[PDB]
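Only one chain is included here, represented as structure tokens and corresponding to the form deposited in one PDB entry.
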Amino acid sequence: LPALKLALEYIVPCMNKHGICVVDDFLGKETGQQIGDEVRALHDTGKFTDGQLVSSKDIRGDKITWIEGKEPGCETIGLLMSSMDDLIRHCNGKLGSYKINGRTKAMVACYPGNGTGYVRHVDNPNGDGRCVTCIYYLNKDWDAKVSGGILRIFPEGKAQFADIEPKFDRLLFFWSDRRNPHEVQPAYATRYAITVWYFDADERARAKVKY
């Protein structure tokens, strides 16, 4: 579905209402599978880290690697990034009062599927400039009931919580600040995700006064 259409008709209305927005079958099967393969290639080649230390012979969790998008063998990933930027672009000045002028590189995360997950947290608690978190999942035929790895977010100050499964070709958007505390439940199977954070012009500008 047309980026502009999707953005104007779904992402914007949805984001400003729930602060969270899930979009299924974003790029498509062939493309999704393509991204999946490149990601896996990076894993095989050994571009990921050993994983966040969880503990002699300790247990490591999520492994990461930063992808600019033009690295050899990451064309489709670079394509997802550009496609993500396109969506945001159409949401120009539509998401909150924010004015997105930039983003970080892509963070590819891999929970090895050895029980590790990720503690409840807030992506941007100190106002480093990130206003929107964007995550793309590439796990074909994922079954949380079997492999776990659910992403649990606690939107706003509302009771209860929303559960988002790292479904294949799924794209997710959510406020990065205190409004969206979240955690990644233990994953008993390889779980890949690609994350990109979008910067708000003003918040980022005044944050620069730190380096």
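The term rigid core refers to the maximal set of C-alpha atoms that superpose within 1.5 Å between the two forms. Shifts are known only where both forms have a C-alpha. Start at 1 with the first residue shown and count on from there.
What comes next is about the form solved in complex with a partner chain, which does not appear here.
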> Is there a heavy atom of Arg89 lying 4.5 Å or less from a heavy atom of its partner chain in the deposited bound form?
Replying inline: yes
> Within a 4.5 Å heavy atom cut-off, is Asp37 in contact with its partner chain in the deposited bound form?
Replying inline: no
> Should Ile135 be classed as touching its partner chain in the deposited bound form when contacts are defined as heavy atoms within 4.5 Å?
Replying inline: no
> Can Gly73 be called a contact residue for its partner chain in the deposited bound form at 4.5 Å between heavy atoms?
Replying inline: no
> Where does the protein shift between this form and the one not shown, taking runs of 3+ residues with every CA moved 2 Å or more once the core is matched?
Replying inline: 208 to 210
